[PDB]
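Chains as they are written, first to last, in UniProt numbering: chain A, 1 to 122; chain B, 1 to 38; chain C, 72 to 142; chain D, 2 to 177; chain E, 1 to 209.
Please read the structure below before turning to the comments.
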Amino acid sequence: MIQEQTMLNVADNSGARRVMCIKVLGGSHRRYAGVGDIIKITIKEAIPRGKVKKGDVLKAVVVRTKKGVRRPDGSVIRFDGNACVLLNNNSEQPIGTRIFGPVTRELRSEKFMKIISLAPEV
Amino acid sequence: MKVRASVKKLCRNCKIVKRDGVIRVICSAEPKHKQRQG
Amino acid sequence: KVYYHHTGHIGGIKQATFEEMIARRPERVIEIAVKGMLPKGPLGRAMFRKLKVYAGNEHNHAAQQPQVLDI
Amino acid sequence: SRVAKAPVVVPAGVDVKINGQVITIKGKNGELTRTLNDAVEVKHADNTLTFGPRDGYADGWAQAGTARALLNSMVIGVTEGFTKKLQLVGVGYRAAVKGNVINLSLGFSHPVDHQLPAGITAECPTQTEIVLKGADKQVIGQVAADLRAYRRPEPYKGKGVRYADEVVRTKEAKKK
Amino acid sequence: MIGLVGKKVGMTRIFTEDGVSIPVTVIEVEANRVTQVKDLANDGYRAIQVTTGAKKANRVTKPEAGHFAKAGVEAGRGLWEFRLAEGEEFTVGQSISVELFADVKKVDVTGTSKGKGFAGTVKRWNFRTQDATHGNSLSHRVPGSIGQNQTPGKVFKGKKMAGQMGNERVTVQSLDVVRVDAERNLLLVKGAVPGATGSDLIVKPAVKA
RNA sequence: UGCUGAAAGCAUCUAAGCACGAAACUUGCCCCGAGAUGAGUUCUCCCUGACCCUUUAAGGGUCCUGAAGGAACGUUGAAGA
RNA sequence: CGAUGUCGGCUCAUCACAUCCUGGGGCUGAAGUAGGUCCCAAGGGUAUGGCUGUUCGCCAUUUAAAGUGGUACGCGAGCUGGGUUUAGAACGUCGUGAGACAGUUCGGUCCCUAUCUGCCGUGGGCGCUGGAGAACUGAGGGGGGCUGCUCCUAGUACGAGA
RNA sequence: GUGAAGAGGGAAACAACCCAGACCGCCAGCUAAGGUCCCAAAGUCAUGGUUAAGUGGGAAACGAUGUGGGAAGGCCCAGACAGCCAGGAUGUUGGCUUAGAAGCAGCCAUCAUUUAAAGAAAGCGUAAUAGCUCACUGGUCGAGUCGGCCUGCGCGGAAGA
Numbered sequence: 001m002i003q004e005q006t007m008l009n010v011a012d013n014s015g016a017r018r019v020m021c022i023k024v025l026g027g028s029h030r031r032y033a034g035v036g037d038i039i040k041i042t043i044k045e046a047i048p049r050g051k052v053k054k055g056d057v058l059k060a061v062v063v064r065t066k067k068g069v070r071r072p073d074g075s076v077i078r079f080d081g082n083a084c085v086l087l088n089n090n091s092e093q094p095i096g097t098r099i100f101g102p103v104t105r106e107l108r109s110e111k112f113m114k115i116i117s118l119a120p121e122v
Numbered sequence: 001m002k003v004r005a006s007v008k009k010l011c012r013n014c015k016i017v018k019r020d021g022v023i024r025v026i027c028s029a030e031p032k033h034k035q036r037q038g
Numbered sequence: 072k073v074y075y076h077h078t079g080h081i082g083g084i085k086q087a088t089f090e091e092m093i094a095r096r097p098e099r100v101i102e103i104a105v106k107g108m109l110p111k112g113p114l115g116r117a118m119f120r121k122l123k124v125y126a127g128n129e130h131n132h133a134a135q136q137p138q139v140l141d142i
Numbered sequence: 002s003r004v005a006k007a008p009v010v011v012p013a014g015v016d017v018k019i020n021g022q023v024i025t026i027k028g029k030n031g032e033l034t035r036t037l038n039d040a041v042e043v044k045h046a047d048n049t050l051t052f053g054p055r056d057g058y059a060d061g062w063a064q065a066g067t068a069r070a071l072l073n074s075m076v077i078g079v080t081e082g083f084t085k086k087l088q089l090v091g092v093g094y095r096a097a098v099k100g101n102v103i104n105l106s107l108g109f110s111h112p113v114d115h116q117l118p119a120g121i122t123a124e125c126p127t128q129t130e131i132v133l134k135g136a137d138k139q140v141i142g143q144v145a146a147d148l149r150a151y152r153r154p155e156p157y158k159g160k161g162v163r164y165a166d167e168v169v170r171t172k173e174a175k176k177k
Numbered sequence: 001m002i003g004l005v006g007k008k009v010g011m012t013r014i015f016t017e018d019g020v021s022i023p024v025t026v027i028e029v030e031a032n033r034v035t036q037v038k039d040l041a042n043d044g045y046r047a048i049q050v051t052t053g054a055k056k057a058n059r060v061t062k063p064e065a066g067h068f069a070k071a072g073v074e075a076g077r078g079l080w081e082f083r084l085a086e087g088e089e090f091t092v093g094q095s096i097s098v099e100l101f102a103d104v105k106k107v108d109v110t111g112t113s114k115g116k117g118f119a120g121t122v123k124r125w126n127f128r129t130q131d132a133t134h135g136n137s138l139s140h141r142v143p144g145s146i147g148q149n150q151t152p153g154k155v156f157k158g159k160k161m162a163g164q165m166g167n168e169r170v171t172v173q174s175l176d177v178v179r180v181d182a183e184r185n186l187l188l189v190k191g192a193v194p195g196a197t198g199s200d201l202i203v204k205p206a207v208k209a
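Have a look at this one:
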């Protein structure tokens, strides 16, 4: 489960080094998050070239989970770790200038077109 | 709609008409005058 | 009128009008009211078993056969 | 009532056909026009129709005044008719109604498209006006209540479908 | 118009191209043999007894054998009487098959659900459990506080209590048929229907407005 | 909220009349129901002979003649304290 | 007074209606977007974390709303015992002093083998008055009820632009 | 006075209110309190009277031609109140102040002409105007009608587990 106090790795460039989730977002009395959910997040370690500090509060999009993506053909598209990209709440889109690795091609399908042009090869 | 006990001669310009079994007051000589009583 | 009734499920209550009672319960609206004026004890049930009210001018007694009560 | 002194005489060019359920009235401005006043009894003759008390019915001397009120308006309806009471105030609105079909643009996802009651038709003589052809004074009023239902006239412009009331007032909209 | 009695044989998936899995329930419907038609010198209402089965020749009883004897020498284990609406049936015609669904492919299904014994107090009634530590003990899955003090001062109807459960009737109204084969007695329907494998059910062409 | 309209020749959405008006009320929608003594209906299967003794709705026997189906028996179950 | 557990938690719930949300109507200093603000309707819905036993409050953040109150401020032969609280300690205040202090802080054991009412499931016996096997009605009885995000209608309507 | 220091009951059920107050019976009469459409024994009895509402069977200031009683008063058969009609002008483009005001921002005059009749205005609306209301008189309409007061009976103001 990805929920309050879940710790996620960032695929954001020069991004935060330890980050933890709060609440869940997306619906009233909502339970849990997965691939394609945006959640409220807190900074615990920022790295010295970070433009945020400890106890700063942001949003992040979940791009990979150890549970993977469901319903392509009755099977499942599997992954091994829980990873995210931090977002800018004032200007929208990612807080950085590029993204680490190909992330997930589900970002090309319908909803995240302004993200897959910033850096992703997908 | 606010509720009162009477209209108590608030303006003589009022005809004090009954509509659908209840009183309906309307006025031109006093602004914002509307009352369901006589 | 109101005809208030307890269904047997806690505070669960039904209400009607005299219009509704003759429109969909015309044989039962008198049946629920006449029993409250029969004799007390087991004789009340013995008189209630004789009541047998019908509506719509048709009964199950066409060979008994009920004749008009007159003075 | 105090109106039976004036029972209203049938004018030259109007015919009334006598029936125990719904009496009809015919004239050169109204055909298939119906009257139903079941709280009273008629006395129909070759030049007059008067109202009296009905057998077993209870009335405090009033129902023959309300029955005469239908005769009052039907005689003028079937011989001359009634005034136009539907006009659009706004400049960005338009109408093209004809016969038993309504085409009316008032800033909605639908051109009103109404199917009407029986014995009434509508026509647009201008791009902003609607004229109702009919002899039943209740039907030409009730169709106008349905047609004015789109965009009410507001105290800040009045751009809807035109109406009168003693409390009609403009507001100055004084802002910023 | 009428209904069919079958046998639920399992569930699977049949896919689309290039993906989406399309889960489907698999049902076998041997042609319903018919035992009686009414309003034909029997009863004042139009109805058919569709019947499926035959029973065993040394186990069938006299009051059942003599009730099917008008239709033949086999006790068809049940009647399944349906009233006629928007159509007709007669005392001559082929045993009723899945060709009832050859062009009407939206259906409704009636059957008994969740035939799973007693379950348990929480496994049935979806309660919230008490603390497993912090001084709390002996109470965790018991039904809880069954009322409140004096004024109502009684246990309510329409509440949650333990007993023998399941195997009660449910009706499903939103269903589409994927395939039928009258020669191989097959019915294939999109999604799931009440009761485990071996369940009989009733399937009908849709009449919902 | 309106149209038509009155007792009260006016007036008014109401008295007659007609046009609407909410998740509330009614219908539609799913299930339960003959302890329903107030025991409804339809089909199938089974049973229609006498006599002694006794002032006897109390029985004690005899010849003649009857079960449909259940219970029991287990082997067992996706039945079940 | 030959006894009647009291604020808090977890769990199980219910009633009111001066309506917070939802369905609607109306006034306005209702332009529009909103707010201010009242009445028809009680069928349905209505808060998480840091501090504190917290009721309450202070902050942080979610939400269709974060509505008010009854019921011995609901539910310890329901479980718990954080608070109120003796028996221990210590600082202060008071007293000659023992000692007192709803001054303060710390610490502080919770009994149980079920008649009748209530409620769920499930038998025998008896009732349907000839018997045995299956199918079917209907006096009555319960269940349900939406809601974010965004674009097209529309950057149209409205307004000096926003 | 009555209970606490008595019975009987009745008021639906409390000790006391209401009536009664105990020696005991009687297939006897007469009554009190209270009851007499029905449950439930006995009049849906007979006279006129007030209320019009499930009031009776909770809720105030305040307020009301809701409904009766009553005296005086306004409008009234050379004619009434509502409605329909005629209208509601003319001198006048005023005069002083001031930058200014088509009755309707101050004070100055409030007269005369006309007509059935009136004001350069009692009350709204508006620019400073406009547009309306009110005074008032006869034609049509017509015999009762209304305000104020004193009072009897009802009524609205109004929610709870």
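Backbone N, C-alpha and C define an ideal beta-carbon position, used for all residues, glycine too.
Under DSSP, the alpha helix (DSSP H) around residue i begins and ends at which residues?
i: C:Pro-113; result: 113-119
i: D:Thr-67; result: 64-78
i: E:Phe-68; result: 62-68
i: A:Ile-116; result: 113-116
Could you tell me the boundaries of the beta strand (DSSP E) in which residue i lies?
i: C:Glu-91; result: No beta strand (DSSP E) holds C:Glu-91; the alpha helix (DSSP H) holding it covers 89-95.
i: residue 123 of chain A; result: What the structure shows of chain A is the stretch from 1 to 122, and residue 123 of chain A is not part of that stretch, so it cannot be assessed.
i: D:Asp-16; result: 16-18
i: A:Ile-41; result: 38-45
i: B:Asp-20; result: Per DSSP, B:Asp-20 belongs to no beta strand (DSSP E) and is neither H nor E.
i: E:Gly-166; result: Here E:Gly-166 belongs to no beta strand (DSSP E), and DSSP marks it neither H nor E.
On the three-state DSSP scale, how would you describe residue i?
i: E:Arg-124; result: helix
i: D:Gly-100; result: strand
i: D:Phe-83; result: coil
i: D:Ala-123; result: strand
i: B:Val-3; result: coil
i: E:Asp-103; result: coil
i: E:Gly-76; result: coil
i: C:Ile-142; result: coil
i: E:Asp-181; result: strand
i: A:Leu-107; result: helix
i: E:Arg-83; result: strand
Are there any heavy atoms of the ligand ATP lying less than 7 Å away from the beta-carbon of residue i, as far as the coordinates show?
i: E:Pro-63; result: In terms of ligand content, the structure shown is empty, and the ligand ATP therefore cannot be addressed.
Which same chain residues end up closer than 7 Å to residue i when comparing Cβ atoms and leaving out the 5 residues on each side of it in sequence?
i: B:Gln-35; result: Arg-4, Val-7 and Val-25
Given residue i, which residues of its chain have a CB within under 8 Å of its CB, disregarding the five upstream and five downstream residues?
i: E:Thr-16; result: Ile-22
i: A:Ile-99; result: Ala-11, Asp-12, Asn-13, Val-85, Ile-115, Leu-118, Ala-119 and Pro-120
i: E:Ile-48; result: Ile-2, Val-34, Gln-36, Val-37, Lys-38, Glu-81, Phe-82, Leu-84 and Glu-89
Just to confirm my understanding: we take residue i, look at its own chain, exclude 5 residues before and 5 after, and list those with CB closer than 6 Å. What are they?
i: D:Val-140; result: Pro-118 and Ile-121
i: C:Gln-86; result: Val-73 and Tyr-75
i: D:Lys-27; result: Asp-16
Since residue i sits in a beta bridge, which residues does DSSP pair it with?
i: D:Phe-52; result: D:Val-43
i: residue 125 of chain A; result: Summary: the structure shown does not reach residue 125 of chain A, with chain A confined to residues 1 through 122, and so no result is reported for it.
i: E:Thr-171; result: E:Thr-110
i: E:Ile-14; result: In DSSP, E:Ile-14 forms no bridge with anything.
>> I'd like to know if the region 102-115 of chain D and the region 141-149 of chain D are in contact, where contact means that at least 3 CB-CB pairs between them fall below 8 Å.
In response: By the Cβ criterion, the region 102-115 of chain D is in contact with the region 141-149 of chain D, since at least three pairs of Cβ atoms, one from each stretch, lie closer than 8 Å.
>> If contact is defined by three or more beta carbon pairs under 8 Å, each pair taking one atom from either stretch, is the region 167-177 of chain D in contact with the region 5-14 of chain E?
In response: In this structure the region 5-14 of chain E does not touch the region 167-177 of chain D; the number of beta carbon pairs closer than 8 Å is below three.
> Counting pairs of beta carbons, one from the region 66-75 of chain D and one from the region 85-94 of chain D, are three or more of them closer than 8 Å?
Replying inline: By the Cβ test, the region 66-75 of chain D is not in contact with the region 85-94 of chain D, since fewer than three Cβ pairs between them sit closer than 8 Å.
>> Whether or not the region 149-160 of chain E and the region 87-105 of chain E are in contact is what I'm after, with contact meaning three or more pairs of Cβ atoms, one per stretch, closer than 8 Å; do they touch?
In response: With the cut-off at 8 Å, the region 87-105 of chain E and the region 149-160 of chain E do not touch.
>> Using 8 Å as the cut-off, can you tell me whether the region 196-204 of chain E makes contact with the region 102-117 of chain E, which would need three or more C-beta pairs spanning the two stretches below that distance?
In response: The region 196-204 of chain E is in contact with the region 102-117 of chain E.
> Does the region 167-176 of chain E touch the region 137-146 of chain E, meaning 3 or more C-beta pairs lie closer than 8 Å?
Replying inline: No: fewer than three Cβ pairs fall under 8 Å.
> So does the region 51-64 of chain A actually touch the region 36-43 of chain A, counting three or more Cβ pairs closer than 8 Å?
Replying inline: Segments in contact, yes.
>> Tell me whether the region 3-10 of chain D and the region 114-124 of chain C touch, counting them as touching only if at least three CB pairs, one residue from each stretch, are closer than 8 Å.
In response: Cβ pair count under 8 Å is below three, so no.
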